[PDB]
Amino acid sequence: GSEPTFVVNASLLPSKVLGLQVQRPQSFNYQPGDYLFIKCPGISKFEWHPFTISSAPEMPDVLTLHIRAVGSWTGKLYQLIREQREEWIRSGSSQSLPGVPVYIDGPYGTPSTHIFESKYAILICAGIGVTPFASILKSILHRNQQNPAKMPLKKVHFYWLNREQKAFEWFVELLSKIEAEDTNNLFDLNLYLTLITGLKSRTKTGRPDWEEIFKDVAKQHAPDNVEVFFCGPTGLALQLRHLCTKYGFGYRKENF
């Protein structure tokens, strides 16, 4: 529930995305995949919008939100931060940067968190739909550095689709640190534009062949259970749903 706090820093990222840092209340506990609702009196004192927490709960003093300017309230928040930041680089640090006051209500849970309790997982996301998976991947890293035993998760298949290639930069560092530190090959990273990421990962092109991919994973893990988690558009969800029934994978209806 409800608690006053501050956007203390922000990040202006490609495809009109704000990388908000928010002072984490001293009593605020979340799980990776959790989201919250946020109110910004400066934009509207009546409106609450939900955003996935892109930070891992192991990061101790701030929450992260990655928000795309897509309409009225996000457009305005973007403009307010662009202008607050351009004005403080023209004026300068006359005094410490003033932090945008906000209300947060949460955390709210999503079935994505069940990944920490699966053996074999498929994560599929498009554009800003990466954000819950961003939180989950960072958490998995803190969790090997501290207790690889307590992890029943044996393989993670990651598919991230984007129409613009500069959107992969939102999380290119995280993807490096995994590429670097995944000596035991827990992860299978796949980036599609719908090698090129300057990653050891070959950025692929076109709509992926989801039948071919689901078949492949089935053969890797059968007869054990694979879980699918999807954050993206419904047309895709619908194709993925049929495919989960075909190859016997777990599906959650989160797309309507």
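If you superpose the two forms and keep the largest set of C-alpha atoms that fall within 1.5 Å, you have the rigid core. Residue indices: 1-based, along the sequence shown.
The higher RMS C-alpha distance to the shown form in 5 other deposited structures of this protein, out of 167 to 175 and 138 to 146, belongs to 167 to 175, with every structure fitted on the core. Superposition on the core shows that, in 5 other deposited structures of this protein, the C-alpha atoms drift more in one of 89 to 97 and 110 to 118; this is 89 to 97. Unmodelled residues of the deposited sequence between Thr194 and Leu195: 10 or more.
Between 95 to 103 and 160 to 168, it is 95 to 103 that carries the larger average Cα temperature factor according to the deposited entry. For the segment pair 115 to 123 and 149 to 157, the entry gives 149 to 157 the higher mean B-factor, averaged over Cα atoms. Taking the PDB entry at face value, the top CA B factor among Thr131, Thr183, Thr110, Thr74 belongs to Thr183. As recorded in the entry, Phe46 carries the highest CA temperature factor of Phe46, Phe187, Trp210, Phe230.
The entry lists a Cα temperature factor for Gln31 that places it in the middle third of the chain's modelled residues. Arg241: CA B factor in the lowest third of modelled residues in this chain (values from the PDB entry). Annotation for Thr203: CA B-factor lies in the highest third of the chain's modelled residues. When all modelled residues of the chain are sorted by CA temperature factor, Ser176 is found within the highest third. Remark: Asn144 belongs to the highest third of its chain, ranked by C-alpha B-factor as recorded.
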